[PDB]
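Trainee: Below is the file structure05.txt, with compact mmCIF, N, CA and C atoms.
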# COMPACT_ATOMS: atom_id res chain seq x y z
N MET A 1 -20.93 20.67 100.10
CA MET A 1 -21.27 22.08 99.73
C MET A 1 -21.28 22.21 98.20
N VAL A 2 -21.14 23.41 97.70
CA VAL A 2 -21.14 23.62 96.22
C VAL A 2 -19.69 23.64 95.71
N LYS A 3 -19.49 23.44 94.43
CA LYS A 3 -18.10 23.45 93.88
C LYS A 3 -18.16 23.82 92.40
N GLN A 4 -17.47 24.86 92.01
CA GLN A 4 -17.49 25.29 90.58
C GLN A 4 -16.38 24.58 89.80
N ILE A 5 -16.69 24.13 88.61
CA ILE A 5 -15.68 23.46 87.74
C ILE A 5 -15.28 24.45 86.65
N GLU A 6 -14.02 24.73 86.51
CA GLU A 6 -13.57 25.70 85.46
C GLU A 6 -12.87 24.93 84.33
N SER A 7 -12.48 23.71 84.59
CA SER A 7 -11.80 22.90 83.53
C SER A 7 -12.05 21.41 83.79
N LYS A 8 -11.90 20.59 82.78
CA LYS A 8 -12.14 19.13 82.95
C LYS A 8 -11.33 18.61 84.14
N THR A 9 -10.21 19.21 84.42
CA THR A 9 -9.37 18.73 85.56
C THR A 9 -10.18 18.78 86.86
N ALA A 10 -10.86 19.87 87.10
CA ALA A 10 -11.67 20.00 88.34
C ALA A 10 -12.88 19.06 88.27
N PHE A 11 -13.33 18.73 87.09
CA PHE A 11 -14.51 17.83 86.97
C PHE A 11 -14.22 16.50 87.66
N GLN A 12 -13.28 15.74 87.16
CA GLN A 12 -12.96 14.43 87.79
C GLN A 12 -12.62 14.63 89.26
N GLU A 13 -11.81 15.61 89.56
CA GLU A 13 -11.44 15.85 90.98
C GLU A 13 -12.70 16.12 91.81
N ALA A 14 -13.67 16.78 91.25
CA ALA A 14 -14.92 17.06 92.01
C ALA A 14 -15.56 15.73 92.43
N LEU A 15 -15.70 14.82 91.50
CA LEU A 15 -16.32 13.50 91.82
C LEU A 15 -15.44 12.76 92.83
N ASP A 16 -14.15 12.81 92.67
CA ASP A 16 -13.24 12.10 93.62
C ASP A 16 -13.36 12.73 95.01
N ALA A 17 -13.34 14.03 95.09
CA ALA A 17 -13.45 14.70 96.42
C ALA A 17 -14.91 14.72 96.88
N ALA A 18 -15.82 14.43 96.00
CA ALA A 18 -17.26 14.45 96.39
C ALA A 18 -17.55 13.30 97.37
N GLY A 19 -16.59 12.44 97.58
CA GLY A 19 -16.82 11.30 98.52
C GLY A 19 -17.77 10.30 97.87
N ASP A 20 -18.73 9.81 98.61
CA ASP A 20 -19.70 8.82 98.05
C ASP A 20 -21.11 9.41 98.09
N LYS A 21 -21.24 10.66 98.46
CA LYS A 21 -22.58 11.30 98.50
C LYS A 21 -23.09 11.50 97.08
N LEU A 22 -24.34 11.83 96.92
CA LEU A 22 -24.87 12.04 95.56
C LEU A 22 -24.15 13.25 94.94
N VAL A 23 -24.23 13.43 93.65
CA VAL A 23 -23.55 14.59 93.01
C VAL A 23 -24.39 15.10 91.84
N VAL A 24 -25.02 16.24 92.01
CA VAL A 24 -25.85 16.81 90.90
C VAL A 24 -25.06 17.95 90.26
N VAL A 25 -25.05 18.02 88.95
CA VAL A 25 -24.28 19.09 88.24
C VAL A 25 -25.25 20.03 87.53
N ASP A 26 -25.01 21.31 87.62
CA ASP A 26 -25.89 22.30 86.95
C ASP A 26 -25.18 22.88 85.73
N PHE A 27 -25.52 22.43 84.56
CA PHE A 27 -24.87 22.96 83.33
C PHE A 27 -25.65 24.18 82.86
N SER A 28 -25.44 25.30 83.49
CA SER A 28 -26.17 26.55 83.11
C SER A 28 -25.19 27.56 82.52
N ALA A 29 -25.65 28.40 81.64
CA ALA A 29 -24.75 29.42 81.03
C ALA A 29 -24.82 30.70 81.88
N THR A 30 -23.68 31.23 82.24
CA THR A 30 -23.67 32.46 83.09
C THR A 30 -24.22 33.66 82.31
N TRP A 31 -24.08 33.67 81.01
CA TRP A 31 -24.58 34.83 80.20
C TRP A 31 -26.04 34.61 79.81
N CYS A 32 -26.57 33.44 80.04
CA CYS A 32 -27.98 33.16 79.67
C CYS A 32 -28.89 33.34 80.89
N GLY A 33 -29.93 34.12 80.75
CA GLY A 33 -30.86 34.36 81.88
C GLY A 33 -31.66 33.10 82.24
N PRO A 34 -32.36 32.55 81.27
CA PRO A 34 -33.20 31.35 81.50
C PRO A 34 -32.41 30.25 82.23
N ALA A 35 -31.15 30.12 81.96
CA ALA A 35 -30.36 29.06 82.64
C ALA A 35 -30.04 29.52 84.07
N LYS A 36 -29.29 30.57 84.20
CA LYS A 36 -28.93 31.09 85.55
C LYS A 36 -30.21 31.44 86.33
N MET A 37 -31.30 31.63 85.65
CA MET A 37 -32.55 32.00 86.35
C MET A 37 -32.96 30.91 87.35
N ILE A 38 -32.46 29.71 87.19
CA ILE A 38 -32.87 28.60 88.12
C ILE A 38 -31.79 28.36 89.19
N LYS A 39 -30.75 29.14 89.23
CA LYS A 39 -29.74 28.89 90.28
C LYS A 39 -30.29 29.11 91.70
N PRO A 40 -31.22 30.05 91.91
CA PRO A 40 -31.71 30.29 93.28
C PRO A 40 -32.29 29.00 93.86
N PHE A 41 -32.53 28.02 93.04
CA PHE A 41 -33.08 26.72 93.54
C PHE A 41 -31.94 25.72 93.68
N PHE A 42 -31.36 25.33 92.58
CA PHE A 42 -30.25 24.35 92.62
C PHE A 42 -29.23 24.74 93.70
N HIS A 43 -28.75 25.95 93.67
CA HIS A 43 -27.75 26.38 94.69
C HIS A 43 -28.42 26.45 96.07
N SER A 44 -29.67 26.81 96.13
CA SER A 44 -30.35 26.89 97.46
C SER A 44 -30.34 25.52 98.14
N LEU A 45 -30.60 24.48 97.40
CA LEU A 45 -30.61 23.12 98.02
C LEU A 45 -29.30 22.91 98.78
N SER A 46 -28.31 23.72 98.54
CA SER A 46 -27.01 23.56 99.25
C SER A 46 -27.24 23.66 100.77
N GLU A 47 -28.19 24.46 101.18
CA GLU A 47 -28.45 24.62 102.65
C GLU A 47 -29.57 23.66 103.08
N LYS A 48 -30.34 23.16 102.15
CA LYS A 48 -31.44 22.22 102.52
C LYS A 48 -30.91 20.79 102.46
N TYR A 49 -29.86 20.57 101.71
CA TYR A 49 -29.27 19.20 101.58
C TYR A 49 -27.76 19.29 101.75
N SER A 50 -27.30 19.58 102.93
CA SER A 50 -25.83 19.67 103.16
C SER A 50 -25.21 18.28 103.02
N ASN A 51 -26.03 17.28 102.84
CA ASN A 51 -25.51 15.89 102.69
C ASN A 51 -25.37 15.55 101.20
N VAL A 52 -25.61 16.51 100.34
CA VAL A 52 -25.50 16.27 98.86
C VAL A 52 -24.43 17.19 98.28
N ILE A 53 -23.77 16.76 97.24
CA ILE A 53 -22.70 17.59 96.61
C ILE A 53 -23.27 18.25 95.34
N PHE A 54 -23.16 19.55 95.24
CA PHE A 54 -23.69 20.27 94.03
C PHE A 54 -22.53 20.89 93.26
N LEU A 55 -22.52 20.74 91.96
CA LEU A 55 -21.41 21.30 91.13
C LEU A 55 -21.98 22.37 90.18
N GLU A 56 -21.12 23.03 89.44
CA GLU A 56 -21.59 24.08 88.48
C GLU A 56 -20.68 24.02 87.25
N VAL A 57 -21.22 24.24 86.07
CA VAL A 57 -20.37 24.17 84.83
C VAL A 57 -20.77 25.27 83.85
N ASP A 58 -19.80 25.83 83.17
CA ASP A 58 -20.07 26.90 82.16
C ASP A 58 -20.04 26.25 80.77
N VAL A 59 -21.18 25.97 80.21
CA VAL A 59 -21.22 25.30 78.87
C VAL A 59 -20.52 26.16 77.81
N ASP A 60 -20.19 27.39 78.12
CA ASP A 60 -19.54 28.27 77.09
C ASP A 60 -18.03 28.39 77.34
N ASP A 61 -17.62 28.52 78.57
CA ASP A 61 -16.16 28.66 78.87
C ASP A 61 -15.55 27.29 79.20
N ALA A 62 -16.38 26.30 79.46
CA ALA A 62 -15.86 24.94 79.79
C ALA A 62 -16.40 23.95 78.77
N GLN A 63 -16.29 24.28 77.51
CA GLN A 63 -16.79 23.37 76.44
C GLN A 63 -16.15 21.99 76.60
N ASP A 64 -15.11 21.89 77.39
CA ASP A 64 -14.45 20.57 77.58
C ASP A 64 -15.36 19.65 78.39
N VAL A 65 -15.99 20.17 79.41
CA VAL A 65 -16.90 19.32 80.23
C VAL A 65 -18.18 19.08 79.42
N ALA A 66 -18.72 20.12 78.84
CA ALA A 66 -19.96 19.96 78.03
C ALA A 66 -19.67 19.05 76.83
N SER A 67 -18.48 19.13 76.29
CA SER A 67 -18.14 18.27 75.12
C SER A 67 -18.17 16.80 75.54
N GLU A 68 -17.52 16.47 76.62
CA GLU A 68 -17.52 15.06 77.09
C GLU A 68 -18.95 14.64 77.43
N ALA A 69 -19.72 15.53 77.99
CA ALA A 69 -21.13 15.19 78.35
C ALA A 69 -22.05 15.48 77.16
N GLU A 70 -21.51 16.02 76.10
CA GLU A 70 -22.34 16.33 74.90
C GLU A 70 -23.63 17.04 75.31
N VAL A 71 -23.52 18.10 76.06
CA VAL A 71 -24.74 18.85 76.48
C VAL A 71 -25.21 19.74 75.32
N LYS A 72 -26.48 19.71 75.02
CA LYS A 72 -27.02 20.54 73.88
C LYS A 72 -28.20 21.38 74.37
N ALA A 73 -28.47 21.37 75.65
CA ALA A 73 -29.62 22.17 76.18
C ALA A 73 -29.34 22.54 77.63
N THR A 74 -29.62 23.76 78.03
CA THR A 74 -29.38 24.16 79.46
C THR A 74 -30.71 24.64 80.07
N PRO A 75 -30.88 24.46 81.37
CA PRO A 75 -29.91 23.79 82.27
C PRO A 75 -29.97 22.27 82.08
N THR A 76 -28.85 21.60 82.25
CA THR A 76 -28.83 20.11 82.12
C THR A 76 -28.42 19.55 83.47
N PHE A 77 -29.28 18.81 84.11
CA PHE A 77 -28.92 18.24 85.43
C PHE A 77 -28.36 16.84 85.21
N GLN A 78 -27.15 16.63 85.64
CA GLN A 78 -26.50 15.31 85.48
C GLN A 78 -26.17 14.78 86.87
N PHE A 79 -26.40 13.52 87.10
CA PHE A 79 -26.13 12.93 88.45
C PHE A 79 -24.96 11.97 88.39
N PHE A 80 -24.00 12.17 89.25
CA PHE A 80 -22.80 11.28 89.28
C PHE A 80 -22.63 10.75 90.70
N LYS A 81 -21.95 9.65 90.84
CA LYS A 81 -21.74 9.06 92.19
C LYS A 81 -20.48 8.21 92.12
N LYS A 82 -19.52 8.47 92.96
CA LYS A 82 -18.25 7.69 92.92
C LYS A 82 -17.63 7.77 91.52
N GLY A 83 -17.87 8.83 90.81
CA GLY A 83 -17.28 8.97 89.44
C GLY A 83 -18.12 8.21 88.42
N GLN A 84 -19.26 7.70 88.81
CA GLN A 84 -20.13 6.94 87.85
C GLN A 84 -21.45 7.68 87.62
N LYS A 85 -21.99 7.59 86.44
CA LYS A 85 -23.28 8.29 86.13
C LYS A 85 -24.45 7.40 86.56
N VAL A 86 -25.49 7.98 87.12
CA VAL A 86 -26.67 7.17 87.57
C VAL A 86 -27.96 7.73 86.97
N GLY A 87 -27.97 8.96 86.53
CA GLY A 87 -29.22 9.53 85.94
C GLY A 87 -28.97 10.94 85.41
N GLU A 88 -29.94 11.52 84.76
CA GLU A 88 -29.76 12.90 84.21
C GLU A 88 -31.08 13.41 83.62
N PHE A 89 -31.25 14.71 83.59
CA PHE A 89 -32.50 15.28 83.01
C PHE A 89 -32.36 16.80 82.87
N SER A 90 -32.77 17.34 81.75
CA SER A 90 -32.68 18.82 81.52
C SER A 90 -34.08 19.42 81.61
N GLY A 91 -34.24 20.66 81.23
CA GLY A 91 -35.59 21.30 81.28
C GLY A 91 -35.78 22.00 82.63
N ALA A 92 -36.18 23.25 82.60
CA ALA A 92 -36.38 23.99 83.88
C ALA A 92 -37.32 23.21 84.81
N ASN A 93 -36.78 22.38 85.66
CA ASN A 93 -37.64 21.61 86.61
C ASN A 93 -36.95 21.56 87.97
N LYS A 94 -36.96 22.66 88.68
CA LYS A 94 -36.30 22.70 90.02
C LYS A 94 -37.00 21.75 90.99
N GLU A 95 -38.29 21.59 90.86
CA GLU A 95 -39.02 20.70 91.80
C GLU A 95 -38.57 19.25 91.57
N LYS A 96 -38.21 18.91 90.37
CA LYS A 96 -37.77 17.52 90.08
C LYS A 96 -36.44 17.25 90.80
N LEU A 97 -35.60 18.24 90.94
CA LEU A 97 -34.31 18.01 91.65
C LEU A 97 -34.59 17.34 92.99
N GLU A 98 -35.68 17.69 93.60
CA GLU A 98 -36.03 17.09 94.92
C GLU A 98 -36.34 15.60 94.74
N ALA A 99 -37.30 15.28 93.92
CA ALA A 99 -37.68 13.86 93.70
C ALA A 99 -36.49 13.05 93.17
N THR A 100 -35.72 13.61 92.27
CA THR A 100 -34.57 12.86 91.70
C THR A 100 -33.50 12.61 92.78
N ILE A 101 -33.17 13.61 93.54
CA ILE A 101 -32.13 13.41 94.60
C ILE A 101 -32.64 12.38 95.61
N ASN A 102 -33.83 12.54 96.11
CA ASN A 102 -34.37 11.57 97.10
C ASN A 102 -34.45 10.18 96.46
N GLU A 103 -34.42 10.11 95.16
CA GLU A 103 -34.50 8.80 94.47
C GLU A 103 -33.15 8.08 94.54
N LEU A 104 -32.13 8.68 93.98
CA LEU A 104 -30.78 8.04 93.96
C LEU A 104 -29.97 8.48 95.18
N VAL A 105 -30.62 8.93 96.22
CA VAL A 105 -29.87 9.36 97.44
C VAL A 105 -29.14 8.15 98.03
N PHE B 1 -16.32 35.50 72.87
CA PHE B 1 -17.77 35.50 73.23
C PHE B 1 -18.10 34.19 73.97
N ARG B 2 -19.14 34.20 74.76
CA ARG B 2 -19.54 32.97 75.52
C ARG B 2 -20.93 32.53 75.09
N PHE B 3 -21.05 31.96 73.91
CA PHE B 3 -22.38 31.50 73.41
C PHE B 3 -22.25 30.06 72.91
N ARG B 4 -23.31 29.30 72.99
CA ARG B 4 -23.25 27.89 72.52
C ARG B 4 -24.63 27.48 71.96
N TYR B 5 -25.42 26.74 72.70
CA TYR B 5 -26.76 26.31 72.20
C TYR B 5 -27.88 27.03 72.96
N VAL B 6 -29.10 26.59 72.78
CA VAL B 6 -30.27 27.28 73.42
C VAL B 6 -30.40 26.96 74.91
N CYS B 7 -30.95 27.90 75.65
CA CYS B 7 -31.19 27.69 77.11
C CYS B 7 -32.67 27.38 77.30
N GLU B 8 -33.02 26.13 77.40
CA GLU B 8 -34.46 25.77 77.57
C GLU B 8 -34.86 25.86 79.04
N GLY B 9 -34.45 26.89 79.71
CA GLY B 9 -34.85 27.04 81.14
C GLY B 9 -36.35 27.39 81.15
N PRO B 10 -36.78 28.33 81.96
CA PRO B 10 -38.20 28.73 81.98
C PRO B 10 -38.55 29.41 80.64
N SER B 11 -37.86 29.05 79.59
CA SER B 11 -38.13 29.67 78.26
C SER B 11 -39.20 28.88 77.52
N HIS B 12 -39.27 27.59 77.75
CA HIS B 12 -40.30 26.77 77.06
C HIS B 12 -41.69 27.19 77.51
N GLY B 13 -42.13 26.72 78.65
CA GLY B 13 -43.48 27.09 79.14
C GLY B 13 -44.55 26.40 78.29
Take the structure in the file and give it back as structure tokens.
Mentor:
Amino acid sequence: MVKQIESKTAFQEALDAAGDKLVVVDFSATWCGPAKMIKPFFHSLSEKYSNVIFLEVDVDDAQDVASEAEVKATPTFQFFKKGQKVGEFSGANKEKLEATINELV
Amino acid sequence: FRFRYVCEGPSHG
């Protein structure tokens, strides 16, 4: 299902509890429209891909996660698996989430 | 305040 990260502590725990399924992270700003404007897609895949783990991060209130990931543009899609990174891509591209997930699925 | 860098969502085009 989906899982919100409020601090770096929940970040690592998210990957550990994410099991071995894919893990896509949405680095969108809650106060920014253009970023949150794409949540109806990323979060929607939650019901279309119940076999995938989706996370959420606040690049403004969780600068700790964005700092470690050095995010400089939102939304930033980052893919993790077993606590390891396998791919990543930013830019409003909700349709790409489909091809990317089916790729490293 | 909660501000950081630019949001290149559907803002580019």
Trainee: Which distance in Å separates atom C of residue 85 (chain A) and atom C of residue 66 (chain A), to one decimal?
Mentor: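 We find that atom C of residue 85 (chain A) and atom C of residue 66 (chain A) lie 15.9 Å from each other.
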Trainee: Please identify all residues of chain A having at least one atom at most 12 Å from any atom of chain B, considering only C-alpha atoms, and return them as a count of residues only.
Mentor: 36
Trainee: Just how far from CA of residue 43 (chain A) is CA of residue 10 (chain A), in Å to one decimal?
Mentor: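 Between these atoms lies a distance of 18.4 Å.
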Trainee: Where's the centre, and what are the edge lengths in Å to one decimal, of a box along x, y and z enclosing all listed atoms of region 7-26 of chain A padded 4 Å per side, as JSON?
Mentor:
{"center_x": -17.6, "center_y": 16.3, "center_z": 90.7, "size_x": 24.5, "size_y": 22.9, "size_z": 23.8}
Trainee: Identify, on the basis of only N, CA and C atoms, every residue whose closest approach to residue 25 (chain A) does not exceed 8 Å; exclude the query and any residue fewer than 4 positions from it along the same chain; express the result as number ranges by chain.
Mentor: A: 53-57, 75-80
Trainee: Quick one: of A:64, A:9, A:24, A:14, who's nearest to residue 88 (chain A), counting only C-alpha atoms?
Mentor: A:24
Trainee: By how many Å are CA of residue 8 (chain A) and CA of residue 103 (chain A) apart?
Mentor: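 Rounded to one decimal, the two atoms are 27.2 Å apart.
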Trainee: Could you tell me, as a list in words, which residues of chain A DSSP assigns to strand (DSSP E or B) when given the backbone?
Mentor: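 Matching residues, listed in order: residues 2, 3, 4, 5, 23, 24, 25, 26, 27, 53, 54, 55, 56, 57, 74, 76, 77, 78, 79, 80, 81, 84, 85, 86, 87, 88, 89 and 90 of chain A.
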